[PDB]
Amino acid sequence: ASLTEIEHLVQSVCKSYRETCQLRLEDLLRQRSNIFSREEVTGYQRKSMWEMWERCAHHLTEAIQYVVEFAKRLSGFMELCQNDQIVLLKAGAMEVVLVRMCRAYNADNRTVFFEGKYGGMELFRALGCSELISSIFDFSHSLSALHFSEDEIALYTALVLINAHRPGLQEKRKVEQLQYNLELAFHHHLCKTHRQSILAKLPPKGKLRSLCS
């Protein structure tokens, strides 16, 4: 890939992300000061685990629709066979949503944007998944403490999705060429913005895979 083709791949991935980012960053950042009161937190804690599961599963389904649209707008992804497109989305959609979450996470007070306001992990107590919730918050904190930008989320999530190691891929080598190109685009963008120093602080390769499995 040429240095011009890579700059075009960066722009192409960031364009797809911009069209499918679901929530405006500026609205998430403005709402940081709008925090749930103790009464509102208690209201969530009193809900049944079934009600919390219905709300969260609904928000998760909606977030996954935007990730599918992000994938459909990557010309590289659309050149893959139907089997591989399904395999990559089924294995990676949830991991992409997990990376996207860091933009809605406030590392100053350990809160996340949820249904209109920011709240801590105790908001999700009725689910009875405190170890899972803790892990999600820790993963978000590790990216949020790096001030992970919109273009870094765009390039990183494209890499999360285009993974040649996913079981069931019919054209592994085609996926790998697209993955290698996306890694070059990611590193190139980090150099132009003097952000290469985040590479050594980024979560290890399969941390998302183990968290989501």
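Between two forms, the rigid core is defined as the largest C-alpha subset superposing within 1.5 Å. Note that residue numbering follows the sequence shown and begins at 1.
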Task: Which of 199-207 and 5-13 lies farther from this form in 7 other deposited structures of this protein, as RMS of C-alpha positions after a rigid core fit - done: 199-207
Open item on the list: Mean Cα B factor from the PDB record: higher for 62-70, or higher for 31-39?
Closed with: 31-39
Open item on the list: Test of understanding: from the entry's C-alpha B-factors, which stretch has the higher mean, 80-88 or 96-104?
Closed with: 80-88
TODO: Comparing against every modelled residue in the chain, figure out the third that the C-alpha B-factor of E171 lands in (lowest, middle or highest).
DONE: highest
TODO: Using the B-factors in the PDB entry, rank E183's C-alpha atom against the chain and give the third, lowest, middle or highest.
DONE: middle
Open item on the list: Among the modelled residues of this chain, does the Cα B factor of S12 put it in the lowest, middle or highest third?
Closed with: middle
TODO: Would you check the entry's CA temperature factor for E150 and let me know if it's in the chain's lowest, middle or highest third?
DONE: lowest
TODO: Looking at the entry's B-factor column for C-alpha atoms only, identify whether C21 ranks in the lowest, middle or highest third of its chain.
DONE: lowest
